[PDB]
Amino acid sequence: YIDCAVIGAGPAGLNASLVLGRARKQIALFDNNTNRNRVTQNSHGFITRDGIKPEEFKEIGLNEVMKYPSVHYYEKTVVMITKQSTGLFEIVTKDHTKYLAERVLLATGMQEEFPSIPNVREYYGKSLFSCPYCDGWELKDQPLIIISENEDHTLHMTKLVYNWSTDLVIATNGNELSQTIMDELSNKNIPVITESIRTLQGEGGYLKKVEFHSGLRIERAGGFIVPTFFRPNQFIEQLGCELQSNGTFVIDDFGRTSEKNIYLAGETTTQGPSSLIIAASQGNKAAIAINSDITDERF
């Protein structure tokens, strides 16, 4: 049997699979290479891996995991997860292959939803980013833009971005910004454009200029976009996990949900962005809850 089916081979699923593999549990690990950070050149902030390529990380971790004879890997798109009348969960893939598991750990991460700006996806990962703690250093002291539609995000995002560069233009892309926020930014020599963006310029995802609807053109080298995130799958929904009084689907600090034998690790947990090292840690944590839960019922 499968003790735990781990859906997702990012830092979360991988580190969860590593600990569970070392704990002699039968693990089915699933990945389909739709991880959101594959659109970026490098990755930083993961100690001892500061500067590694996102596909190299994936590969090194995937191989450590496969040292352990009980962890089995499937490069397959999981499309359905269903609690049977037998208690087991049935994992089904794109190629109609079926897997039965006593436990499921969802570590599928999330996906970016972008501001209604044309051509934005080409720039995302080369010259436009979403986390300054991750990609600020490489952009430091350059003429930057912040694209932020929702107001309450803009102010915080700006103050943070200002750590890496004091040369900022905020662009709301067609949304109002309180006189409050406008005056505070402008008091820092930071201008604000409330016009909708019509165009980005610069070959191959590398920003040069931004053209607004009015016709105005400024000269930015890159910067930061605030996306909204969604889950690419509807697995939490399929399995009936309840949303909690804290806005999340998780019930303790170990990835346990409202549904017995369903667990979460990584960005699927908080439904907001973190980092590789945090996700890995949450994988380690879920592994501890899963092994603990199995131990309790079997001993």
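One-based numbering along the sequence shown.
- The question of which stretch, 210-218 or 175-183, has the higher mean Cα B factor is settled in favour of 175-183.
- Higher average CA B factor: 240-248, of the stretches 240-248 and 22-30.
- The residue among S258, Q234, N261, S70 whose C-alpha carries the highest B-factor in the deposited model is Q234.
- Residue-level temperature factors show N150 in the highest third of its chain, judged at the C-alpha atom.
- The entry lists a Cα temperature factor for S274 that places it in the middle third of the chain's modelled residues.
- Per the PDB record, residue ranking by Cα B-factor puts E90 in the middle third of the chain.
- Ranked against the other modelled residues of its chain, the C-alpha B-factor of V65 as given in the entry falls in the lowest third.
- The deposited CA B-factor of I47 belongs to the middle third of values across its chain.
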